[PDB]
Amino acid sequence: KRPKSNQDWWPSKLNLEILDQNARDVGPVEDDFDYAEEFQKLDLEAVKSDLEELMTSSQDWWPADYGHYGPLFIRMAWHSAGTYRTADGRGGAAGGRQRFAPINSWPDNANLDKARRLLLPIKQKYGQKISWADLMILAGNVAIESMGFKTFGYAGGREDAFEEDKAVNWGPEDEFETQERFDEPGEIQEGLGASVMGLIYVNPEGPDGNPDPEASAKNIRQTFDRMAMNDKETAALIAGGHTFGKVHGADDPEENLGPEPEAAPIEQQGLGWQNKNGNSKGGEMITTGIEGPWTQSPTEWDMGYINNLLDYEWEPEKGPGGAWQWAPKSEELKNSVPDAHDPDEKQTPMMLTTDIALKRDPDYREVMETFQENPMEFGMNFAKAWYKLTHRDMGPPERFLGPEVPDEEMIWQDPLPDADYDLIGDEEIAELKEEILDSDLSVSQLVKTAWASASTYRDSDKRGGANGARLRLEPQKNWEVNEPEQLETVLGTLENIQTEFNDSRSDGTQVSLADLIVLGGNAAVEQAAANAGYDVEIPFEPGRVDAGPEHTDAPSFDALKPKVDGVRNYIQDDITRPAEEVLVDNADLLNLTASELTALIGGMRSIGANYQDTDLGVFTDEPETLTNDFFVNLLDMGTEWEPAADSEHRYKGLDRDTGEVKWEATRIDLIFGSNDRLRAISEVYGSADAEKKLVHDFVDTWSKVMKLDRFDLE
């Protein structure tokens, strides 16, 4: 048989495997392989041209609906991106992870295995010059254009992954298609982008299986919100999407379909959901168990969805697949649509409960009425929403590659202004460094501030970072954890230095505040390393610009607000998970390994950049002196730890003999002396001959983070 993981014996075991994924890069791709350069060689048109032909080139193992694969492809692209949550920036189409488990075997993704397979020849024909990730999205764009609708634009740059993202928590559900995340529609558990396990957003039949339109709209609203989309956008996407294709439910899924890809027989070769009677189906295709098309020309762009929905009355019912769907009360629409694979046959259009919801909900109804009224208005709303949906997790404008990239930059891209001046030289740097070090700013003020600036970055959707100095703008400048008043004192001193330096210059040379913040932090760290007798030259990359409120959709940054900050030992008093889990989860967003996280926090405590300047976890007598004191003192058996009475996050380190309190700390600090893998790393650094190693590891990690968002020069 198979082994048994440690998570099985102890459920609460810290999941450090998410950090290990950051150590190596599974897959056969070279380390020095620059995907950007490869795509830069791709001939996008030839690919789009080939996809054009595929659109109507039906293979027998999965005959095209209406002799056109367009609709199916669209559903595939939309699902590839639709798993995206704003809370952590994970999911999405950035890695093309729909291809790996568990996503590839999600109920909602039924038969998308066949759609991906169809792209296999083209994918092999261009090879590394196009990722599955970029390809699935482009397959949607081409599909949409081929059926008569122009797209706002397209961009390449999405690098394929070679495994699932272990960091993503898809929910508490223990079974697919079931939910334990909401008691009332619109009341889903924090951080989740769906209302049901295995589904992209909501249950197509209605909440909890009930054909309640009004209720459906509440979950549609919340789920989409948690995906960075409003009413206009949601309505446009749902309506523009269902303008094409159909839903397949010839018969009940729970009896006619085989195991999902992951549970399928090896001779299936990655496919799954094999239909008992056959998979080369047409008039018997089953996907979700719901049957029928939405419009009269499922392969053409038009006002078919909106007109069918708004101009006719619909009644709930049980379809041939035994699932909820709606039909018209009139005989006008009956048999007005040709059968997906048959000539001598017509089909009556249908409507999902989630569709009736755009009509029953009063706000979705205004928006929909507007659209029906102005096709041009609905067209662009859909064009722009589609473009945002499929590029939302790619990062700033610098990352979007190719000839079809819109000259216009959207706000959600968190655009950065150009630096219209000359970059400071090696001489100005040392100059400004001393200037800063001469101010009344402590090493802890400079470190804390630079940490607040760069720590907002998250590798999941390439958002945040220290470039742009958004830390001084809303909402970051007012986040509790950034100690607003404290931050203001520091930012003032730096802005003055920026002004003074900018004025005295007589050659167009200027220095951005965003740049000074980080530099002032490298200086503080160097100084802390100097107070311990270590000469270190921290690499500084000048070039960061200062973004303005006009380049910041303030409300969207609230998503990057940390609930826990290891480095500053901050724990919001309401988190559900234990501090350490969030610690690890946040660490993963900064691409840290268990070791890098360990060196960071450890080195930090010796310095003392704590929130509200506490001493929690500061196991040293010489603060602002970079040493391995944290590990040495933490591991001292002479000291014993116990929870602090009437405390929720505080712990006391007592002398096992005298009983006297020696230190105070949190789970963030203690986790490195309890978890077996981490304690093992704390022993290396806590050894008598490793201080220099720690100093250097801490610096490396500190430098890595400061530059995380420096995409332009990667």
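Don't overthink the numbering: it's just position in the shown sequence, from 1.
Checked against the record, the higher mean CA B factor of 126-134 and 252-260 lies with 252-260. Comparing 503-511 with 302-310, the higher mean C-alpha B-factor in the PDB entry belongs to 503-511. As recorded in the entry, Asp32 carries the highest CA temperature factor of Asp65, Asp32, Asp676, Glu683. When the C-alpha B factors of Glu345, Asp355, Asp588, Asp113 are read from the deposited coordinates, the top value falls at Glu345. In this PDB entry, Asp212 carries a Cα temperature factor that places it within the middle third of its chain's modelled residues. Sorting the modelled residues of the chain by their CA temperature factor places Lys561 in the middle third.
The PDB entry assigns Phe672 a C-alpha temperature factor belonging to the lowest third of its chain's modelled residues. Among all modelled residues in this chain, the alpha-carbon of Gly543 has a temperature factor (C-alpha) in the highest third.
When the CA B factors of the chain's modelled residues are split into thirds, the value for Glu434 lands in the highest one.
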